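Only one chain comes next, encoded as structure tokens, the form deposited in one PDB entry.
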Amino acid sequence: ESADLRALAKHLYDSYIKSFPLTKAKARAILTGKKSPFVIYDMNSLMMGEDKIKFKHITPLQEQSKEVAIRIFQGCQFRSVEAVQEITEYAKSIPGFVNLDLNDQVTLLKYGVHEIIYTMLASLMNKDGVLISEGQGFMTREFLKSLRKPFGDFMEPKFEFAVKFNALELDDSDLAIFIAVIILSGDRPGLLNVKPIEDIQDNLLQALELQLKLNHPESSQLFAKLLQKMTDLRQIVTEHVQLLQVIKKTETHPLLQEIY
């Protein structure tokens, strides 16, 4: 069976590499400084970042808000929607996932993408900032935290999580299995056939356990610690939805709003 677990782990890694452009290994090389990314540390930096390197985001569109805080918040949305498709492609590569009731596949993705988005966003963050637009840029943590109204605190919670999550020192091969475990959560509301879902997650967990023991022999109970982080993830997610709610108190296209 150990062979089958290593096969699964390898398969997930390969798929993870193909589905996600910017890996943690790549992101870390850039973050530690081991072509420097454009650093957005203030307002003028931003404006030059958009101009000197048209960030493939919302910035191009007219009739927006031309208000930095609002445009930054919306760029986060554009990228999130983009990430959702990468996550979806990856999910279909998970053994058994496609064979699940189609409604359940949609339910799992619906409730799983936010947890995965923040998990992976941690790979692109350090206590000082976050990598943006395929790593071409680095947006300062301080800059983000200096945004007015409720925008100054929308990213901070992700940073706090990232700092702690990153302490586990997971690599892409570990993350590939962890992400799949998140997707196959049988406790998502509205599921029609929980059994198959838990059966797959059980096999994924077994693979994750072996992966962490072979990959980090020195880290006692790393498996247990990683699973505990699920608590942190869901907290950051619900917390995110709440701010997202309060946002409907600022009033920050129709087809665009439909898309995002």
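From 1 onward, residues are counted along the sequence shown.
This protein has a second form, the form deposited with a partner chain bound, left out of what is shown; the following refers to that one.
Contact between residue 3 and its partner chain in the bound PDB entry is not found at the 4.5 Å heavy atom cutoff. The closest non-hydrogen atom of residue 97 lies within 4.5 Å of its partner chain in the bound PDB entry.
Within 4.5 Å of any heavy atom of its partner chain in the bound PDB entry lies no heavy atom of residue 127. Its partner chain is not drawn, but in the bound PDB entry it has no heavy atom within 4.5 Å of residue 140. If you check its partner chain in the bound PDB entry, you find a heavy atom from every one of 89, 92 and 258 within 4.5 Å. Of the residues 105, 146, 166, 136, just one reaches its partner chain in the bound PDB entry with a heavy atom at 4.5 Å or closer; this is 105.
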